[PDB]
Amino acid sequence: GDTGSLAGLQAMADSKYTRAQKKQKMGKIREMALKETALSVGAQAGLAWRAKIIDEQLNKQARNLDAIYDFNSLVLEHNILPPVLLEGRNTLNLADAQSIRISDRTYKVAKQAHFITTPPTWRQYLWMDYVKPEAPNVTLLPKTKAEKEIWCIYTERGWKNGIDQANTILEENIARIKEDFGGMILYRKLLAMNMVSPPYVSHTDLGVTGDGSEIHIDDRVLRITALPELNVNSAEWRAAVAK
Amino acid sequence: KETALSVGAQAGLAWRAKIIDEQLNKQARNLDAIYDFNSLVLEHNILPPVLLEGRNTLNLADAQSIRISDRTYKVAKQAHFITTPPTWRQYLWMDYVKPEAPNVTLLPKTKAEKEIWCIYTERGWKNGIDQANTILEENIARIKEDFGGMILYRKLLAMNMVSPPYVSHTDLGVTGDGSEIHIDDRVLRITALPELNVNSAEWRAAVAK
Amino acid sequence: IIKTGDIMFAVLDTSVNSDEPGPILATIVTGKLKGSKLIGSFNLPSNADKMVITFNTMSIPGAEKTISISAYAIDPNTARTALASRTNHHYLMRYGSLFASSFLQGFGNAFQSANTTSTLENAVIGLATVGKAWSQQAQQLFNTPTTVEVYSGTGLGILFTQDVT
Amino acid sequence: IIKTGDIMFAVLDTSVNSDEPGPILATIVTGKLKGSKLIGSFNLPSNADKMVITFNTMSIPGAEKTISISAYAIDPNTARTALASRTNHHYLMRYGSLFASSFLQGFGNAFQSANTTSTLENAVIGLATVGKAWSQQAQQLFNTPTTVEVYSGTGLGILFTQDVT
Amino acid sequence: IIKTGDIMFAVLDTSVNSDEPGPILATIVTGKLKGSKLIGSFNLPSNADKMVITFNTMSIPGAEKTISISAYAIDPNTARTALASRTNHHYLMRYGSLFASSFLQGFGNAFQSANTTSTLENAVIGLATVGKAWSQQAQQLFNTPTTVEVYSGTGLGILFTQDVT
Amino acid sequence: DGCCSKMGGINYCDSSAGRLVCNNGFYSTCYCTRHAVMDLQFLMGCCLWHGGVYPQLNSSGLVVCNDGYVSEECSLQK
Amino acid sequence: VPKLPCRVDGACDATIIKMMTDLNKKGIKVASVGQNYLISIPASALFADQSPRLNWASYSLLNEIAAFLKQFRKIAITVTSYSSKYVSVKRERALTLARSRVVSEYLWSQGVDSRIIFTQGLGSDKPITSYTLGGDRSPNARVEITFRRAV
């Protein structure tokens, strides 16, 4: 070896290692073709298998998820979704030398409130898709037992990689839906604190309408006039206390 | 053979790199003990600037021309904001990648070839040792210069040789539109970098007992 | 940028006997270019002591370009130009057919000649007349050489000739 | 965009003997192109070492386009270019006819020459005179090669040469 | 600047037999140009007492330029132009084939001749008739030369002809 | 390799902690998650405490970090 | 991952249960519940009568205790000392304090993988067994170590 390389380069002067180090070139150039395919098929099969395991474990806990992600408690009285809010505390940034800016808190409107027909569930957020691949295509095949076994263990490596990929996708979905739910509950908190504007929507009605051929008995339309937004009137904010 | 001494130099350089990295890792606590940059910072999270000294300056520019002075000082790097104090690993942890691929183009076949391989690999090994030691010496001299510059600014400021840096801070209330808000706006800018004062009349003496 | 005439590898997946050259493609699996695949052909030799592969249509995936490097092939892990195949395909078939035709001709004529000094007559008959036509047809077919055949799982070397980018 | 020199699968459902070339079509069942089919033709080699199909007229259904990507053929699951058929079709018939005409000629001449040292003479007569005409006719007709014939139920593989869109 | 007619070392790592010339590269290890690599070929002389390497296509690392300084080859640590190869490759094969065919023909004819003054007759048969065709085919194939073969573990020399930058 | 030896055997890998839990109710000292707390002081690679390796390959033997510094020890020498 | 640290250094739960079984069948008390770990020792195996001095055989037990406590990963160690009622309050409090001091110093001198050491001595103010016949031969006179295992 090259670690204790004085003894190593004294030892690798042996002529048997000269004729044994030559024969690994074709083995390397064949094994590197084998291992990427092994990793690919292990990644595919393990990823699909882990995905459907996650899907059926999700299906086993159907009641509690729909319990905890209740948007029907979250909706507003004109069938209008609350907006999404993000917050941050103790912000600072250096822009360059002799250029600093700090702020205690900041708040951001992420997605504007809008009209909704049906309340969203959690299933579209937390469902993972499942395509079973029934076509394992192996063009290059190993020759002897050693390359077969290292092909097997590198397939195991790809299997682990596909499992980790599925886990990362799952937690990213969890983060996204948690962020949206937190934005809704932030809107409820700010509406309680009176630092934001409630949404105002007007409506106008007409009686019987239409021609002699097509009629509606009534015709009520509604348009939102005032979107929710934050205020800057600092003295007009109500605080909170506990006991 | 020349490639053999080259790869021996590679092996010796990597081996001394690993040895010196183990030895440096052995003394982690004392390095952070002695290089207290976090004490050496100033109150506005600002790095104090770097100064260099010089005593008994003489130059012979040419014939009929001599310029001498007693002492002089130099601003090396101006003061600036910092975020986290630097550590010794930013200057002392020398890099290491082990080369494990000696492609022997010249395999030995005679015992004389083995012997000359041994002696030239030994020469490369020693050369790698010397190079690694030179690299370490360069790095430690550099970081010694940095710490000395910081300490030199501190004591010249103690001796009233440099004005301290001056910072103006402006604070504003709430800001933004109805969608984006920051609740307070504190902006700090350093309007006066440290610099030498040529009016020597303000200088003050020093004694010991 | 490829330096003028350095060493690369390719992995061969499909085989052919050296009879009708055509598009045969390898896949470069390591190096600067990944996923690249390369079409080419071979040449027909008079003497079967080695066999080379000439590669011309090199394409890299990702973008639509077609660089036009011409290169040769060597057998790797020996660093020589020989091909790992068989060279003794049809020596013995034509040799034995010709020698049997000869032996038939000789049997009919010599055991006809030794008559002075019915079944053995019919032996003379059959050998005497089926020696001749088979002898001239064996001299007709004696000229087909021994071919070689590359294999569909043997890697190969690509030593370059010109520069591409 | 197709990579320059990849491998596709084609479905062979019709057979042809290797005697008259013609537009023979296979159907690609894989890849991006669905319902696509490709016509081409075969060639007759001098020696029967392998038999292959060249493919040129490629059609993608739905829209009116007809690309002309050229490709060669390989035997599936062998990664080789040979054809699975028969090759011993017409060796034995011409061999037997020629050698029988020979044996007749030899019987007449040698069993007439052994006369010095009725029905037996008529046997010599019949072989003597019917040998030679059949001998020259068989030497006339010996030139026909053994025919091969592809099947109507074994598909094949296709390796690309150029790019299309 | 390279002086007109000085000597440079090169490391040769890939081998060839002298049957098919082609691009072959070497690695210059010393001098000004380090990491440089040079392609060329060989030639077949009339007598195989030497083998030289033409080397023209030279590449220097760093810059994307290919100079074409041309030079020839000598054997390292020999100071001679001979090649370390083998000479006696294919004399004895054709020698033995020819002399065996001649002996066959001679045995058949002379032991037919010695009849005046069954099994020995069949010896006459086989030897007489299979001597002749193998004799003419041996004189046909006698003219294949014995090639030389470089080896892939010894470098070579380069003696300069012109000046480059 | 068998981490819950001389115990109840393995139960699972608590990935909230990134540690194996055995059938015995004790925390196994082996790790099973990349996202878990190690205690490591040694590193590999070169151009460290810098921008890493520059993505382009220099024609000469020099290597360079992304902040412009040149690592002569990782670089090939004469 | 093979380049990555597969386990902690010198981690073997077989050795863990081996040394804790040896200590429990030896007689020094070691108890584990949750993450909280307590080890109690009687002073008769540690000192002489009413004396903050160490006998030379006790360093074997100190080495065993150090080998046990270095096996885990932790932050804070708390040791405490308890005495019999001998003369006063001051003398017993100072004796407990000194014993805690010397055992803490030897532990820090050895290879402890902890960052905080706390010593506290009390004396004869938190007894365990109301049977108080013996002096330093009493089981109540004792020294305890405690920690919480960290992750």
# chains A, B, ... in the order shown; residues from 1 in each chain; ligands from 1
>>> select_by_dssp(residues="region 46-90 of chain G", states="alpha helix (DSSP H)", output="list in words")
residues 58, 59, 60, 61, 62, 63, 64, 65, 66, 67, 68, 69 and 90 of chain G
>>> write_last_selection(atoms="N, CA and C atoms", output="mmCIF file, in the first residue's frame")
data_model
loop_
_atom_site.group_PDB
_atom_site.id
_atom_site.type_symbol
_atom_site.label_atom_id
_atom_site.label_comp_id
_atom_site.auth_asym_id
_atom_site.auth_seq_id
_atom_site.Cartn_x
_atom_site.Cartn_y
_atom_site.Cartn_z
ATOM 1 N N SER G 58 -7.914 0.974 46.237
ATOM 2 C CA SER G 58 -9.148 1.569 45.741
ATOM 3 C C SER G 58 -9.037 2.048 44.302
ATOM 4 N N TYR G 59 -7.819 2.208 43.791
ATOM 5 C CA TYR G 59 -7.664 2.693 42.431
ATOM 6 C C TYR G 59 -8.077 1.666 41.393
ATOM 7 N N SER G 60 -8.090 0.381 41.747
ATOM 8 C CA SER G 60 -8.657 -0.628 40.861
ATOM 9 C C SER G 60 -10.146 -0.387 40.645
ATOM 10 N N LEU G 61 -10.874 -0.133 41.734
ATOM 11 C CA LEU G 61 -12.301 0.156 41.635
ATOM 12 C C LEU G 61 -12.544 1.488 40.943
ATOM 13 N N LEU G 62 -11.655 2.457 41.172
ATOM 14 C CA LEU G 62 -11.743 3.733 40.472
ATOM 15 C C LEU G 62 -11.559 3.557 38.973
ATOM 16 N N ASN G 63 -10.621 2.699 38.572
ATOM 17 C CA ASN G 63 -10.404 2.430 37.156
ATOM 18 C C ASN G 63 -11.594 1.717 36.536
ATOM 19 N N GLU G 64 -12.201 0.780 37.272
ATOM 20 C CA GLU G 64 -13.398 0.110 36.767
ATOM 21 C C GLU G 64 -14.556 1.085 36.609
ATOM 22 N N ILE G 65 -14.723 1.984 37.579
ATOM 23 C CA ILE G 65 -15.780 2.982 37.516
ATOM 24 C C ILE G 65 -15.550 3.935 36.352
ATOM 25 N N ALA G 66 -14.298 4.347 36.141
ATOM 26 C CA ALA G 66 -13.972 5.232 35.030
ATOM 27 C C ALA G 66 -14.187 4.546 33.691
ATOM 28 N N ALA G 67 -13.839 3.261 33.600
ATOM 29 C CA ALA G 67 -14.066 2.508 32.374
ATOM 30 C C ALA G 67 -15.547 2.343 32.086
ATOM 31 N N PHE G 68 -16.363 2.207 33.130
ATOM 32 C CA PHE G 68 -17.802 2.149 32.916
ATOM 33 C C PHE G 68 -18.345 3.489 32.446
ATOM 34 N N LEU G 69 -17.982 4.573 33.132
ATOM 35 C CA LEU G 69 -18.597 5.857 32.826
ATOM 36 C C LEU G 69 -18.052 6.481 31.555
ATOM 37 N N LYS G 90 -19.887 20.915 61.002
ATOM 38 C CA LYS G 90 -18.818 21.500 60.195
ATOM 39 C C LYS G 90 -17.828 20.445 59.733
#
>>> interface_residues(of="chain A", to="chain C", cutoff="9 Å", atoms="only C-alpha atoms", output="list in words")
residues 22, 23, 24, 25, 26, 29, 30, 32, 33, 139, 140 and 141 of chain A
>>> interface_residues(of="chain C", to="chain F", cutoff="12 Å", atoms="only C-alpha atoms", output="PyMOL selection string")
chain C and resi 1-3+32
>>> write_last_selection(atoms="N, CA and C atoms", output="tab-separated table (two decimals), in the first residue's frame")
chain	number	residue	atom	x	y	z
C	1	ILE	N	-12.05	19.15	-25.32
C	1	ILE	CA	-10.79	19.09	-26.05
C	1	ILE	C	-10.05	17.79	-25.71
C	2	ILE	N	-9.77	17.01	-26.75
C	2	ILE	CA	-9.08	15.73	-26.62
C	2	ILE	C	-7.69	15.89	-27.21
C	3	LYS	N	-6.67	15.57	-26.41
C	3	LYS	CA	-5.29	15.63	-26.88
C	3	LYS	C	-5.06	14.59	-27.98
C	32	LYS	N	-14.17	11.59	-19.78
C	32	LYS	CA	-14.78	12.91	-19.88
C	32	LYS	C	-16.22	12.84	-20.37
>>> residues_around(residues="residue 39 (chain G)", least_positions_apart="6", cutoff="7 Å", atoms="only C-alpha atoms", output="PyMOL selection string")
chain G and resi 29-31+144-146
>>> write_last_selection(atoms="N, CA, C and O atoms", output="mmCIF file, in the first residue's frame")
data_model
loop_
_atom_site.group_PDB
_atom_site.id
_atom_site.type_symbol
_atom_site.label_atom_id
_atom_site.label_comp_id
_atom_site.auth_asym_id
_atom_site.auth_seq_id
_atom_site.Cartn_x
_atom_site.Cartn_y
_atom_site.Cartn_z
ATOM 1 N N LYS G 29 -23.465 -0.504 44.238
ATOM 2 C CA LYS G 29 -24.782 -0.426 43.629
ATOM 3 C C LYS G 29 -24.733 0.379 42.341
ATOM 4 O O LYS G 29 -24.153 1.464 42.302
ATOM 5 N N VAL G 30 -25.336 -0.157 41.286
ATOM 6 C CA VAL G 30 -25.495 0.557 40.026
ATOM 7 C C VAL G 30 -26.929 0.350 39.572
ATOM 8 O O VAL G 30 -27.397 -0.790 39.477
ATOM 9 N N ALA G 31 -27.637 1.448 39.331
ATOM 10 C CA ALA G 31 -29.042 1.412 38.970
ATOM 11 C C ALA G 31 -29.274 2.263 37.735
ATOM 12 O O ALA G 31 -28.666 3.330 37.574
ATOM 13 N N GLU G 144 -22.242 8.900 45.987
ATOM 14 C CA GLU G 144 -23.078 8.601 44.835
ATOM 15 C C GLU G 144 -22.666 9.444 43.640
ATOM 16 O O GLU G 144 -22.316 10.619 43.784
ATOM 17 N N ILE G 145 -22.703 8.834 42.459
ATOM 18 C CA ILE G 145 -22.543 9.535 41.196
ATOM 19 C C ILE G 145 -23.836 9.373 40.412
ATOM 20 O O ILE G 145 -24.591 8.411 40.607
ATOM 21 N N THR G 146 -24.105 10.342 39.542
ATOM 22 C CA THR G 146 -25.348 10.362 38.790
ATOM 23 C C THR G 146 -25.162 11.145 37.506
ATOM 24 O O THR G 146 -24.412 12.130 37.463
#
>>> interface_residues(of="chain C", to="chain E", cutoff="6 Å", atoms="only C-alpha atoms", output="ChimeraX atom specification")
/C:4,79-81,99,102-103,106-107
>>> write_last_selection(atoms="C-alpha atoms", output="mmCIF file, in the first residue's frame")
data_model
loop_
_atom_site.group_PDB
_atom_site.id
_atom_site.type_symbol
_atom_site.label_atom_id
_atom_site.label_comp_id
_atom_site.auth_asym_id
_atom_site.auth_seq_id
_atom_site.Cartn_x
_atom_site.Cartn_y
_atom_site.Cartn_z
ATOM 1 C CA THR C 4 -4.051 14.182 -30.155
ATOM 2 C CA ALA C 79 -2.023 -3.986 -24.798
ATOM 3 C CA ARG C 80 -1.713 -5.729 -28.162
ATOM 4 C CA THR C 81 -3.735 -5.710 -31.373
ATOM 5 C CA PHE C 99 -7.584 -35.590 -49.733
ATOM 6 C CA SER C 102 -7.559 -37.680 -54.285
ATOM 7 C CA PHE C 103 -7.518 -41.064 -52.494
ATOM 8 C CA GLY C 106 -5.789 -43.037 -56.848
ATOM 9 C CA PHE C 107 -7.679 -46.128 -55.737
#
>>> atom_distance(atom1="CA of residue 121 (chain G)", atom2="CA of residue 97 (chain G)")
4.6 Å
>>> select_by_dssp(residues="chain D", states="strand (DSSP E)", output="ChimeraX atom specification")
/D:7-11,24-28,37-42,53-60,65-67,71-74,156-160
>>> interface_residues(of="chain A", to="chain F", cutoff="12 Å", atoms="only C-alpha atoms", output="PyMOL selection string")
chain A and resi 160-161+164+167-168
>>> closest_residue(among="F:52, F:45, F:25, F:68", to="chain B", atoms="only C-alpha atoms")
F:45
>>> residues_around(residues="residue 81 (chain A)", least_positions_apart="5", cutoff="8 Å", atoms="only C-alpha atoms", output="VMD selection string")
chain A and resid 74 to 76 113 to 116
>>> write_last_selection(atoms="N, CA, C and O atoms", output="PDB file, in the first residue's frame")
ATOM      1  N   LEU A  74     -61.495  25.740   9.297  1.00  0.00           N
ATOM      2  CA  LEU A  74     -60.622  26.823   8.890  1.00  0.00           C
ATOM      3  C   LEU A  74     -61.254  27.758   7.873  1.00  0.00           C
ATOM      4  O   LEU A  74     -60.727  28.852   7.656  1.00  0.00           O
ATOM      5  N   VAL A  75     -62.359  27.364   7.251  1.00  0.00           N
ATOM      6  CA  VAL A  75     -62.937  28.152   6.172  1.00  0.00           C
ATOM      7  C   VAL A  75     -63.640  29.382   6.723  1.00  0.00           C
ATOM      8  O   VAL A  75     -63.884  29.486   7.929  1.00  0.00           O
ATOM      9  N   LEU A  76     -63.965  30.318   5.842  1.00  0.00           N
ATOM     10  CA  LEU A  76     -64.670  31.534   6.209  1.00  0.00           C
ATOM     11  C   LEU A  76     -66.089  31.501   5.660  1.00  0.00           C
ATOM     12  O   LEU A  76     -66.438  30.671   4.817  1.00  0.00           O
ATOM     13  N   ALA A 113     -55.583  35.181  -0.254  1.00  0.00           N
ATOM     14  CA  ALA A 113     -56.887  34.575  -0.036  1.00  0.00           C
ATOM     15  C   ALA A 113     -57.731  34.660  -1.299  1.00  0.00           C
ATOM     16  O   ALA A 113     -57.675  35.648  -2.035  1.00  0.00           O
ATOM     17  N   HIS A 114     -58.517  33.617  -1.555  1.00  0.00           N
ATOM     18  CA  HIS A 114     -59.357  33.595  -2.740  1.00  0.00           C
ATOM     19  C   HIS A 114     -60.557  32.699  -2.494  1.00  0.00           C
ATOM     20  O   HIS A 114     -60.641  31.997  -1.484  1.00  0.00           O
ATOM     21  N   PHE A 115     -61.486  32.734  -3.444  1.00  0.00           N
ATOM     22  CA  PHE A 115     -62.693  31.931  -3.350  1.00  0.00           C
ATOM     23  C   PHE A 115     -62.381  30.463  -3.575  1.00  0.00           C
ATOM     24  O   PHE A 115     -61.509  30.110  -4.369  1.00  0.00           O
ATOM     25  N   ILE A 116     -63.086  29.607  -2.848  1.00  0.00           N
ATOM     26  CA  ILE A 116     -62.901  28.168  -2.936  1.00  0.00           C
ATOM     27  C   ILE A 116     -64.263  27.503  -2.965  1.00  0.00           C
ATOM     28  O   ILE A 116     -65.201  27.949  -2.298  1.00  0.00           O
TER      29      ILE A 116
END
>>> interface_residues(of="chain G", to="chain F", cutoff="10 Å", atoms="only C-alpha atoms", output="list in words")
residues 1, 4, 5, 6, 7, 8, 9, 10, 11, 12, 13, 14, 15, 16, 17, 18, 32, 33, 34, 35, 71, 72, 73, 149 and 151 of chain G
>>> write_last_selection(atoms="N, CA, C and O atoms", output="CSV table (one decimal), in the first residue's frame")
chain,number,residue,atom,x,y,z
G,1,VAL,N,-20.3,5.2,3.8
G,1,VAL,CA,-20.7,4.7,5.1
G,1,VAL,C,-19.6,3.8,5.8
G,1,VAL,O,-19.4,3.9,7.0
G,4,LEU,N,-17.5,6.2,6.9
G,4,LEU,CA,-18.1,6.9,8.0
G,4,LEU,C,-18.0,6.1,9.3
G,4,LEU,O,-17.8,4.8,9.3
G,5,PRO,N,-18.1,6.7,10.5
G,5,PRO,CA,-18.0,6.0,11.8
G,5,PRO,C,-19.3,5.1,12.0
G,5,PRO,O,-20.4,5.6,12.1
G,6,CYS,N,-19.1,3.8,11.9
G,6,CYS,CA,-20.2,2.9,12.0
G,6,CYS,C,-20.8,2.9,13.4
G,6,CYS,O,-22.1,2.9,13.6
G,7,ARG,N,-20.0,2.9,14.4
G,7,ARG,CA,-20.4,3.0,15.8
G,7,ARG,C,-19.5,3.9,16.6
G,7,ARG,O,-18.6,4.5,16.0
G,8,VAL,N,-19.8,4.1,17.8
G,8,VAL,CA,-18.9,4.9,18.7
G,8,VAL,C,-17.7,4.1,19.0
G,8,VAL,O,-17.6,2.9,18.8
G,9,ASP,N,-16.6,4.8,19.5
G,9,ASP,CA,-15.3,4.2,19.8
G,9,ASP,C,-15.4,3.3,21.0
G,9,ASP,O,-15.8,3.8,22.1
G,10,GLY,N,-15.0,2.1,20.8
G,10,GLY,CA,-15.0,1.1,21.9
G,10,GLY,C,-16.4,0.8,22.5
G,10,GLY,O,-16.6,0.7,23.7
G,11,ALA,N,-17.4,0.8,21.6
G,11,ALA,CA,-18.8,0.6,22.0
G,11,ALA,C,-19.1,-0.9,21.9
G,11,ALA,O,-19.1,-1.4,20.8
G,12,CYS,N,-19.5,-1.5,23.0
G,12,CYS,CA,-19.8,-2.9,23.0
G,12,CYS,C,-20.8,-3.2,24.2
G,12,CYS,O,-20.3,-3.2,25.3
G,13,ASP,N,-22.0,-3.4,23.9
G,13,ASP,CA,-23.1,-3.5,24.9
G,13,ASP,C,-22.9,-4.8,25.7
G,13,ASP,O,-23.3,-4.9,26.9
G,14,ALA,N,-22.3,-5.8,25.1
G,14,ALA,CA,-21.8,-7.0,25.8
G,14,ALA,C,-20.9,-6.6,26.9
G,14,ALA,O,-21.0,-7.1,28.1
G,15,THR,N,-19.9,-5.8,26.6
G,15,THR,CA,-19.0,-5.3,27.7
G,15,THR,C,-19.7,-4.4,28.7
G,15,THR,O,-19.3,-4.5,29.9
G,16,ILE,N,-20.7,-3.7,28.2
G,16,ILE,CA,-21.5,-2.8,29.2
G,16,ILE,C,-22.2,-3.7,30.2
G,16,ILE,O,-22.1,-3.4,31.4
G,17,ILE,N,-22.9,-4.7,29.7
G,17,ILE,CA,-23.6,-5.5,30.7
G,17,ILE,C,-22.7,-6.4,31.5
G,17,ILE,O,-23.0,-6.7,32.6
G,18,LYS,N,-21.5,-6.7,30.9
G,18,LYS,CA,-20.5,-7.5,31.7
G,18,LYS,C,-20.0,-6.7,32.9
G,18,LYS,O,-20.0,-7.2,34.0
G,32,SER,N,-30.2,1.8,36.9
G,32,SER,CA,-30.5,2.5,35.6
G,32,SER,C,-32.0,2.5,35.4
G,32,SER,O,-32.7,1.4,35.5
G,33,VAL,N,-32.5,3.7,35.2
G,33,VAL,CA,-33.9,3.8,34.8
G,33,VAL,C,-34.1,5.0,33.9
G,33,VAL,O,-33.7,6.1,34.2
G,34,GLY,N,-34.7,4.8,32.7
G,34,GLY,CA,-34.8,5.8,31.7
G,34,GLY,C,-33.4,6.2,31.2
G,34,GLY,O,-32.6,5.3,30.9
G,35,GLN,N,-33.1,7.5,31.2
G,35,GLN,CA,-31.8,8.0,30.9
G,35,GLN,C,-31.0,8.3,32.1
G,35,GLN,O,-29.8,8.6,32.0
G,71,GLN,N,-17.8,4.8,28.9
G,71,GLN,CA,-18.4,4.1,27.8
G,71,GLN,C,-19.5,4.9,27.1
G,71,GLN,O,-19.7,4.7,25.8
G,72,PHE,N,-20.2,5.7,27.8
G,72,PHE,CA,-21.4,6.4,27.2
G,72,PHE,C,-20.9,7.8,26.7
G,72,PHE,O,-19.8,8.2,26.8
G,73,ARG,N,-21.9,8.5,26.3
G,73,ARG,CA,-21.7,9.9,25.9
G,73,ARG,C,-22.7,10.8,26.7
G,73,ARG,O,-23.9,10.6,26.7
G,149,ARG,N,-28.0,10.1,30.4
G,149,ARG,CA,-27.4,9.7,29.1
G,149,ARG,C,-27.9,10.6,28.1
G,149,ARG,O,-29.1,10.9,28.0
G,151,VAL,N,-28.6,11.2,24.3
G,151,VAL,CA,-28.9,10.8,23.0
G,151,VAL,C,-28.2,9.5,22.6
G,151,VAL,O,-28.9,8.5,22.1
>>> residues_around(residues="residue 168 (chain B)", least_positions_apart="5", cutoff="8 Å", atoms="only C-alpha atoms", output="NGL selection string")
:B and (188-191)
>>> residues_around(residues="region 96-105 of chain A", least_positions_apart="4", cutoff="8 Å", atoms="only C-alpha atoms", output="list in words")
residues 87, 88, 89, 90, 91 and 92 of chain A; 80, 81, 182, 183, 184, 185, 186, 187, 188, 189, 190 and 191 of chain B
>>> write_last_selection(atoms="N, CA, C and O atoms", output="short mmCIF file (atom, residue, chain, number, x, y, z; two decimals), in the first residue's frame")
data_model
loop_
_atom_site.label_atom_id
_atom_site.label_comp_id
_atom_site.auth_asym_id
_atom_site.auth_seq_id
_atom_site.Cartn_x
_atom_site.Cartn_y
_atom_site.Cartn_z
N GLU A 87 -43.81 34.26 8.83
CA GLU A 87 -43.26 35.18 9.81
C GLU A 87 -41.79 34.88 10.02
O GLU A 87 -41.28 33.83 9.62
N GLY A 88 -41.12 35.81 10.68
CA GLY A 88 -39.74 35.60 11.07
C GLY A 88 -39.33 36.54 12.18
O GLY A 88 -39.78 37.69 12.22
N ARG A 89 -38.49 36.07 13.09
CA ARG A 89 -38.05 36.90 14.21
C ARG A 89 -36.53 36.94 14.26
O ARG A 89 -35.86 35.94 13.97
N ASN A 90 -36.01 38.12 14.63
CA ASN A 90 -34.58 38.42 14.74
C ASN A 90 -33.86 38.21 13.41
O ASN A 90 -33.08 37.28 13.21
N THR A 91 -34.21 39.08 12.47
CA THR A 91 -33.59 39.05 11.15
C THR A 91 -32.41 40.01 11.12
O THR A 91 -32.48 41.10 11.68
N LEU A 92 -31.34 39.59 10.46
CA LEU A 92 -30.26 40.51 10.15
C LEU A 92 -29.56 40.02 8.90
O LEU A 92 -29.64 38.84 8.53
N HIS B 80 -13.27 45.92 9.32
CA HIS B 80 -14.52 45.63 8.63
C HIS B 80 -15.41 44.85 9.59
O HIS B 80 -14.98 44.41 10.66
N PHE B 81 -16.66 44.70 9.18
CA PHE B 81 -17.60 43.88 9.94
C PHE B 81 -17.18 42.43 9.90
O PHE B 81 -16.55 41.96 8.95
N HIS B 182 -41.61 44.83 7.98
CA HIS B 182 -40.56 44.65 8.97
C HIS B 182 -40.87 45.61 10.10
O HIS B 182 -41.13 46.80 9.86
N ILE B 183 -40.85 45.11 11.34
CA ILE B 183 -41.46 45.87 12.43
C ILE B 183 -40.56 46.98 12.97
O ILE B 183 -41.06 47.91 13.61
N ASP B 184 -39.25 46.92 12.72
CA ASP B 184 -38.34 48.00 13.07
C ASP B 184 -37.12 47.91 12.18
O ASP B 184 -36.77 46.83 11.70
N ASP B 185 -36.46 49.04 11.97
CA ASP B 185 -35.43 49.16 10.94
C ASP B 185 -34.19 49.79 11.56
O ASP B 185 -34.09 51.01 11.67
N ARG B 186 -33.24 48.95 11.96
CA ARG B 186 -32.02 49.42 12.59
C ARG B 186 -30.86 49.18 11.63
O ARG B 186 -30.58 48.03 11.25
N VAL B 187 -30.21 50.26 11.23
CA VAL B 187 -29.17 50.26 10.21
C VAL B 187 -27.92 50.85 10.84
O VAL B 187 -27.96 51.97 11.36
N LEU B 188 -26.82 50.12 10.78
CA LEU B 188 -25.56 50.58 11.35
C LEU B 188 -24.52 50.70 10.25
O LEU B 188 -24.33 49.76 9.47
N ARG B 189 -23.86 51.85 10.19
CA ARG B 189 -22.81 52.06 9.21
C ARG B 189 -21.63 52.74 9.86
O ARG B 189 -21.79 53.66 10.67
N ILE B 190 -20.44 52.29 9.49
CA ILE B 190 -19.20 52.78 10.08
C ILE B 190 -18.70 53.93 9.21
O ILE B 190 -18.16 53.71 8.13
N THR B 191 -18.87 55.15 9.70
CA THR B 191 -18.53 56.33 8.92
C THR B 191 -17.06 56.70 9.00
O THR B 191 -16.62 57.57 8.24
#
>>> interface_residues(of="chain B", to="chain E", cutoff="9 Å", atoms="only C-alpha atoms", output="list in words")
residues 2, 3, 105, 106 and 107 of chain B
>>> write_last_selection(atoms="N, CA, C and O atoms", output="compact mmCIF listing (two decimals), in the first residue's frame")
# COMPACT_ATOMS: atom_id res chain seq x y z
N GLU B 2 12.55 8.39 -12.66
CA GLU B 2 12.19 9.76 -12.32
C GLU B 2 10.74 9.83 -11.89
O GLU B 2 10.39 10.52 -10.92
N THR B 3 9.87 9.09 -12.59
CA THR B 3 8.50 8.93 -12.13
C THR B 3 8.44 8.21 -10.79
O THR B 3 7.55 8.48 -9.98
N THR B 105 4.87 2.54 -14.60
CA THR B 105 5.24 2.35 -15.99
C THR B 105 6.54 1.57 -16.11
O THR B 105 6.75 0.85 -17.09
N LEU B 106 7.42 1.71 -15.13
CA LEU B 106 8.72 1.05 -15.11
C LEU B 106 8.74 0.07 -13.95
O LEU B 106 9.19 0.39 -12.85
N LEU B 107 8.23 -1.13 -14.20
CA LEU B 107 8.32 -2.19 -13.20
C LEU B 107 9.77 -2.63 -13.04
O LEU B 107 10.54 -2.60 -14.00
